[PDB]
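Structure data follow from entry.cif (mmCIF, C-alpha atoms):
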data_target
loop_
_atom_site.label_atom_id
_atom_site.label_comp_id
_atom_site.auth_asym_id
_atom_site.auth_seq_id
_atom_site.Cartn_x
_atom_site.Cartn_y
_atom_site.Cartn_z
CA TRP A 53 5.06 -1.01 8.81
CA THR A 54 5.60 1.03 11.99
CA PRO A 55 3.65 4.29 11.48
CA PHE A 56 3.98 5.19 15.17
CA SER A 57 7.77 5.38 15.33
CA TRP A 58 7.75 7.24 12.00
CA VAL A 59 6.37 10.41 13.63
CA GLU A 60 9.55 10.58 15.73
CA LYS A 61 11.94 9.96 12.84
CA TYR A 62 10.39 11.73 9.85
CA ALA A 63 8.19 14.68 8.90
CA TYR A 64 5.07 12.60 9.42
CA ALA A 65 1.88 13.02 11.47
CA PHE A 66 -1.72 11.83 11.85
CA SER A 67 -3.00 14.74 13.93
CA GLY A 68 -1.90 17.99 15.56
CA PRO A 69 -1.23 19.76 18.90
CA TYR A 70 -3.42 18.60 21.79
CA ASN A 71 -3.23 22.00 23.52
CA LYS A 72 -4.71 24.08 20.70
CA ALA A 73 -8.46 24.40 20.18
CA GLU A 74 -7.90 23.71 16.49
CA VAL A 75 -8.92 21.07 13.95
CA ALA A 76 -8.21 20.73 10.23
CA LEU A 77 -10.54 19.94 7.34
CA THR A 78 -8.81 18.21 4.43
CA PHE A 79 -10.18 17.12 1.05
CA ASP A 80 -8.67 14.48 -1.27
CA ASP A 81 -8.67 13.71 -5.01
CA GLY A 82 -9.59 17.15 -6.35
CA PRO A 83 -10.13 19.18 -8.28
CA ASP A 84 -13.37 18.25 -10.01
CA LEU A 85 -16.27 20.02 -11.73
CA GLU A 86 -18.99 19.40 -9.16
CA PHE A 87 -17.87 18.79 -5.57
CA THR A 88 -14.81 21.05 -5.29
CA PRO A 89 -16.72 24.24 -6.18
CA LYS A 90 -19.55 23.29 -3.80
CA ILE A 91 -17.08 22.64 -0.98
CA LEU A 92 -15.41 26.00 -1.65
CA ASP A 93 -18.76 27.77 -1.38
CA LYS A 94 -19.64 26.12 1.92
CA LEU A 95 -16.17 26.75 3.37
CA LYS A 96 -16.55 30.38 2.29
CA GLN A 97 -19.94 30.85 3.97
CA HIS A 98 -18.59 29.41 7.22
CA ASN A 99 -15.45 31.58 7.18
CA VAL A 100 -13.06 28.61 7.26
CA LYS A 101 -9.92 27.65 5.37
CA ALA A 102 -9.11 24.04 4.54
CA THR A 103 -6.39 21.96 2.90
CA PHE A 104 -6.77 20.33 -0.51
CA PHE A 105 -4.69 17.32 -1.54
CA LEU A 106 -4.95 17.47 -5.32
CA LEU A 107 -4.22 14.76 -7.89
CA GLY A 108 -1.81 15.83 -10.62
CA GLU A 109 -3.96 14.39 -13.40
CA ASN A 110 -7.09 16.19 -12.18
CA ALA A 111 -5.25 19.49 -11.89
CA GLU A 112 -4.48 19.20 -15.61
CA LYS A 113 -8.14 18.73 -16.55
CA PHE A 114 -9.42 21.64 -14.46
CA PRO A 115 -6.49 24.07 -13.98
CA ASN A 116 -8.67 27.09 -13.14
CA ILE A 117 -10.31 25.38 -10.16
CA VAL A 118 -6.83 24.77 -8.78
CA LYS A 119 -6.29 28.51 -9.15
CA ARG A 120 -9.58 29.23 -7.36
CA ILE A 121 -8.59 27.10 -4.36
CA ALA A 122 -5.35 29.06 -3.97
CA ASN A 123 -7.06 32.41 -4.57
CA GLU A 124 -9.52 31.76 -1.75
CA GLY A 125 -6.90 31.33 0.96
CA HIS A 126 -6.86 27.54 1.10
CA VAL A 127 -3.71 25.43 1.14
CA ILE A 128 -2.87 22.95 -1.63
CA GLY A 129 -1.18 19.61 -1.00
CA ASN A 130 0.41 16.98 -3.24
CA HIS A 131 -1.69 13.81 -3.64
CA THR A 132 0.46 12.20 -6.39
CA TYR A 133 -0.32 12.29 -10.10
CA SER A 134 -2.51 9.27 -10.85
CA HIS A 135 -3.37 7.98 -7.36
CA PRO A 136 -1.41 4.72 -7.33
CA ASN A 137 -0.81 2.52 -4.29
CA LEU A 138 2.66 3.78 -3.36
CA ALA A 139 3.38 0.61 -1.37
CA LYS A 140 3.53 -1.22 -4.71
CA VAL A 141 5.71 1.17 -6.73
CA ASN A 142 9.49 1.51 -6.94
CA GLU A 143 11.38 4.65 -5.89
CA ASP A 144 11.60 6.03 -9.43
CA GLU A 145 7.84 5.85 -9.94
CA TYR A 146 7.15 7.26 -6.47
CA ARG A 147 9.48 10.21 -6.99
CA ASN A 148 8.08 10.74 -10.49
CA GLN A 149 4.52 10.80 -9.12
CA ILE A 150 5.43 13.45 -6.55
CA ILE A 151 7.68 15.64 -8.71
CA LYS A 152 5.40 15.70 -11.76
CA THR A 153 2.52 16.71 -9.49
CA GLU A 154 4.67 19.32 -7.76
CA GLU A 155 5.55 20.95 -11.10
CA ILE A 156 1.91 21.06 -12.17
CA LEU A 157 0.71 22.56 -8.88
CA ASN A 158 3.62 25.01 -8.71
CA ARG A 159 2.70 26.38 -12.13
CA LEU A 160 -0.99 26.74 -11.25
CA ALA A 161 -0.84 27.75 -7.58
CA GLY A 162 2.36 29.79 -7.61
CA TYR A 163 4.25 27.66 -5.09
CA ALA A 164 5.55 24.12 -4.63
CA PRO A 165 3.35 22.42 -1.97
CA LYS A 166 5.18 21.24 1.16
CA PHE A 167 2.47 18.77 2.14
CA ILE A 168 2.04 15.26 0.74
CA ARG A 169 -0.71 12.74 1.43
CA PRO A 170 -0.36 9.17 0.12
CA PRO A 171 -3.25 7.55 -1.72
CA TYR A 172 -5.04 4.96 0.74
CA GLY A 173 -2.56 6.19 3.34
CA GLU A 174 0.01 3.75 1.95
CA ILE A 175 3.64 4.84 2.29
CA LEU A 176 7.00 3.04 2.61
CA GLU A 177 9.78 4.11 4.98
CA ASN A 178 12.29 4.93 2.23
CA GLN A 179 9.62 6.96 0.46
CA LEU A 180 8.97 8.84 3.69
CA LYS A 181 12.71 9.22 4.23
CA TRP A 182 13.18 10.77 0.79
CA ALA A 183 10.25 13.15 1.33
CA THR A 184 11.66 14.30 4.67
CA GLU A 185 15.06 14.90 3.06
CA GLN A 186 13.36 16.89 0.30
CA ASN A 187 11.71 19.19 2.86
CA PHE A 188 8.22 17.74 2.43
CA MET A 189 5.85 16.90 5.26
CA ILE A 190 3.49 13.95 5.04
CA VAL A 191 0.17 14.16 6.86
CA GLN A 192 -2.34 11.34 7.11
CA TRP A 193 -5.54 11.77 9.11
CA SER A 194 -7.18 10.89 12.43
CA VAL A 195 -10.89 11.25 11.63
CA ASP A 196 -12.22 9.31 8.65
CA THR A 197 -15.66 10.28 7.35
CA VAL A 198 -15.68 7.33 4.92
CA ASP A 199 -17.70 9.67 2.70
CA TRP A 200 -16.77 7.79 -0.48
CA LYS A 201 -19.24 5.09 0.61
CA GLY A 202 -22.04 7.54 -0.14
CA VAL A 203 -23.10 7.79 3.50
CA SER A 204 -25.54 10.57 4.43
CA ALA A 205 -24.80 14.00 5.90
CA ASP A 206 -26.17 12.98 9.31
CA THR A 207 -24.03 9.83 9.39
CA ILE A 208 -20.88 11.79 8.54
CA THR A 209 -21.70 14.54 11.04
CA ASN A 210 -22.37 12.15 13.93
CA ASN A 211 -19.16 10.33 13.04
CA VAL A 212 -17.02 13.48 12.94
CA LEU A 213 -18.48 15.02 16.11
CA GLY A 214 -18.10 11.74 17.97
CA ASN A 215 -14.43 11.30 17.07
CA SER A 216 -13.01 14.83 16.82
CA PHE A 217 -10.57 16.23 19.38
CA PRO A 218 -8.14 19.16 19.59
CA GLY A 219 -5.61 18.46 16.83
CA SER A 220 -7.92 16.24 14.76
CA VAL A 221 -7.26 15.98 11.03
CA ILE A 222 -10.50 15.15 9.23
CA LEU A 223 -10.62 13.30 5.89
CA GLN A 224 -13.16 14.08 3.18
CA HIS A 225 -13.12 13.69 -0.61
CA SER A 226 -13.86 15.74 -3.71
CA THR A 227 -13.26 12.92 -6.20
CA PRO A 228 -14.62 13.31 -9.76
CA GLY A 229 -17.69 11.11 -10.20
CA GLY A 230 -17.74 10.25 -6.51
CA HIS A 231 -20.86 9.82 -4.39
CA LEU A 232 -20.07 12.76 -2.15
CA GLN A 233 -23.07 15.10 -1.99
CA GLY A 234 -23.82 14.13 1.61
CA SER A 235 -20.19 14.85 2.40
CA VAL A 236 -20.60 18.38 1.09
CA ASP A 237 -23.89 18.85 2.96
CA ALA A 238 -22.23 17.52 6.13
CA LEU A 239 -20.13 20.69 6.29
CA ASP A 240 -23.24 22.74 7.11
CA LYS A 241 -23.53 20.73 10.33
CA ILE A 242 -19.93 19.76 11.11
CA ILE A 243 -18.53 23.29 11.13
CA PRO A 244 -20.97 25.09 13.45
CA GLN A 245 -21.34 22.10 15.80
CA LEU A 246 -17.58 21.90 16.30
CA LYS A 247 -17.31 25.68 16.66
CA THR A 248 -19.90 25.49 19.45
CA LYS A 249 -17.54 23.21 21.38
CA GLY A 250 -14.85 25.88 21.04
CA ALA A 251 -13.09 24.41 18.01
CA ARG A 252 -11.46 26.62 15.38
CA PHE A 253 -10.59 25.47 11.85
CA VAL A 254 -7.05 25.83 10.52
CA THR A 255 -4.88 24.76 7.59
CA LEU A 256 -2.15 22.12 7.90
CA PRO A 257 0.81 24.53 7.73
CA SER A 258 -0.86 26.47 10.54
CA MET A 259 -1.53 23.32 12.57
CA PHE A 260 2.02 22.05 12.17
CA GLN A 261 3.66 25.49 12.37
CA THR A 262 5.45 25.36 9.04
CA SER A 263 5.30 26.92 5.58
CA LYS A 264 2.80 25.82 2.95
CA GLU A 265 5.59 25.85 0.36
CA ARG A 266 8.65 23.63 0.18
#
Once more with this new file: its structure as structure tokens, please.
Amino acid sequence: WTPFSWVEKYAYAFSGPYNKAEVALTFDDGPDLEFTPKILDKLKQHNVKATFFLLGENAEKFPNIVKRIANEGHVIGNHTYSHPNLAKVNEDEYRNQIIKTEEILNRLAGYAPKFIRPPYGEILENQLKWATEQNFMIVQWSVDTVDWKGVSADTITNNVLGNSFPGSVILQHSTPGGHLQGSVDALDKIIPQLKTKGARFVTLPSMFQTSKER
């Protein structure tokens, strides 16, 4: 496990350009019935676009919300189908997880997502090698809100503001049944407080200067 050398060899990154006043909000495990729509509303009222790493199985349950994300100028990423620990699966299962999810999202969003994020951040080198060869890009994160723990909006905000830099990729969740209300509320503080420091919010394809589609 050498994640550092992997950024030099594969399409793989934790954060973005240090010389741009830009950060990226990302949200994992969507879509869902409660948190995803709330997040969309708050992103809308702050005039920011974000990136959504959607689970294939959740996209099947709520297909229209996937359509809403795309219709509101946000970028969709591939978060596998059923959220398994990729470090424990064989190549066939890994490729199946990605491709099945890609087909689902392509049908709903109108394009095949270029961006992948592995569940728990677990990825193997051969998996990363295949993704690179298939014209994917894998992006982890550099600021973890640990919002799944049910921590408050103030805790998340102080965390994000204390650890965010130019190029920072922030991790939040919109998992069905998750304890994430404070994470949603955190956006009302995180966004303007970062903007005050000169930060602008961008999508991943913008941050990494590539297409959103494969």
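In terms of minimum interatomic distance to residue 160 in chain A, A:108 ranks closest within A:108, A:218, A:244, A:89, counting all atoms listed in the file.
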Taking the file as shown, what set of residues would the PyMOL selection byres ((chain A and resi 247-261) around 6) give back, as a PyMOL selection string?
-> chain A and resi 73-76+102-103+244-246+262-264
Point out the residue among A:201, A:159, A:96, A:225 with the least atom-to-atom distance to residue 126 in chain A, counting all atoms listed in the file.
-> A:96
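From CA of residue 211 in chain A back to CA of residue 95 in chain A, the distance works out to 19.3 Å.
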Check the smallest atom-to-atom distance from each of A:228, A:69, A:219, A:136 to residue 114 in chain A using all atoms listed in the file, then report the winner.
-> A:228
As JSON, what would the box around range 103-108 of chain A look like: edges along x, y and z, 3 Å added on every side, centre and edge lengths in Å to one decimal?
{"center_x": -4.3, "center_y": 18.4, "center_z": -3.9, "size_x": 11.0, "size_y": 13.2, "size_z": 19.5}
For range 172-185 of chain A, list every protein, DNA or RNA residue within 6 Å, evaluated using only C-alpha atoms, and leave out those in the same chain fewer than 2 positions away; present the list as a CSV table (one decimal) with C-alpha atoms, in the coordinates of the input.
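Result saved to around_15.csv:
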chain,number,residue,atom,x,y,z
A,62,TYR,CA,10.4,11.7,9.8
A,63,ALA,CA,8.2,14.7,8.9
A,138,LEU,CA,2.7,3.8,-3.4
A,139,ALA,CA,3.4,0.6,-1.4
A,170,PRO,CA,-0.4,9.2,0.1
A,187,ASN,CA,11.7,19.2,2.9
A,188,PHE,CA,8.2,17.7,2.4
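Pairwise distance (CA of residue 60 in chain A, CA of residue 192 in chain A) equals 14.7 Å.
Separating CA of residue 120 in chain A from CA of residue 93 in chain A is a distance of 11.1 Å.
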Distance criterion (all atoms listed in the file): nearest to residue 217 in chain A out of A:71, A:123, A:134, A:110 | A:71
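Residue nearest residue 59 in chain A, chosen from A:169, A:105, A:265, A:190 and counting only C-alpha atoms: A:190.
The neighbours of residue 233 in chain A here are the residues that come within 10 Å of it, using only C-alpha atoms and leaving out any residue fewer than 5 positions away in the same chain; they are residues 86, 87, 90, 91, 199, 200, 202, 203, 204, 205, 226 and 238 of chain A.
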Do you know which residues the PyMOL selection byres ((chain A and resi 150) around 10) returns on this file, as a ChimeraX atom specification?
-> /A:107-108,130-134,145-149,151-155,168,170,183
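Ranking A:166, A:64, A:92, A:157 by their shortest atom-to-atom distance to residue 118 in chain A, with all atoms listed in the file included, puts A:157 first.
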Pull out every residue that the PyMOL selection byres ((chain A and resi 79) around 9) matches in the shown coordinates and put them as a ChimeraX atom specification.
-> /A:77-78,80-82,88,102-106,222-227
